[PDB]
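To begin, one chain is listed below as structure tokens, in the form deposited in one PDB entry.
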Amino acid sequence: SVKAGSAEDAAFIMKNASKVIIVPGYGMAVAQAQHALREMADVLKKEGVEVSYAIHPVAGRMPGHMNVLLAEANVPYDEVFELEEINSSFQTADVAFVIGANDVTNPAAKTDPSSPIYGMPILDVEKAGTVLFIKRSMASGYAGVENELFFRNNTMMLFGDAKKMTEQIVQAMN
């Protein structure tokens, strides 16, 4: 029933990977963490790691919500991919850094046939070795349903603010 976790831990998990894909969401926008997030990526792909962004069409609160904010942080285009063009890669990925994203990953869209988020395509985050989330609390998102991915074997819950929770990780990353 829910595993916890802090920055130092999250720094560890990811700092020990060869392929890492970021999954930004509304949360990453409310906190305006694009620049922090983009750092934790170039300091990450510094070691020689491969980085990618999984952009879900309905992330944030409006079309192209994630795009404009990533574009501002100066993250390259040829490194940002749409659900359908990367949704497979998660399997061969150790970490699924989910910053501010929730409904875009909830599995209740393929299962629980009665969920508000039912039928909606999602990102195969769980197929990733370890899935690190990030969020101020437990409350759900726009949908109004809990994420069974939240509390289960391979899942982290870095409770806090996206900009800060990323800000530190970048530090304890040196």
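Under this definition, the rigid core comprises the largest set of C-alpha atoms superposing within 1.5 Å between the forms. The numbering used is simple: start at 1 and walk along the sequence shown. Shifts are known only where both forms have a C-alpha.
In this entry, the higher average B-factor at the C-alpha atoms falls on 139-147, of the pair 139-147 and 30-38. The stretch 42-50 shows the higher mean C-alpha B-factor when 42-50 is compared against 57-65 in the entry.
For residue 23, the recorded CA B-factor ranks within the lowest third of the chain. Only modelled residues enter the ranking. Among the modelled residues of the chain, residue 70 sits in the lowest third by CA temperature factor in this PDB entry.
We do not show the form deposited in another entry, though everything after this point is about it.
Of the residues 36, 51, 29, 117, exactly one exceeds or equals a 2 Å C-alpha shift between the shown form and the other one once the rigid core is aligned, and that residue is 117.
Residue 129 shows a C-alpha shift below 2 Å between the shown form and the other one [criterion: core-superposed Cα displacement of 2 Å]. With the core superposed, residue 143 shows a C-alpha displacement below 2 Å between the shown form and the other one. Superposition of the core reveals a Cα shift of less than 2 Å for residue 69 between the shown form and the other one.
Relative to this form, the distance between the C-alpha atoms of residue 115 and residue 149 is increased by at least 3 angstroms in the other form. In the other form, the Cα-Cα separation between residue 114 and residue 57 shrinks by 3 Å or more relative to the displayed conformation. Once both forms are overlaid on their core, the sole residue range between the shown form and the other one with Cα shifts reaching 2 Å in three or more consecutive positions is 107-120.
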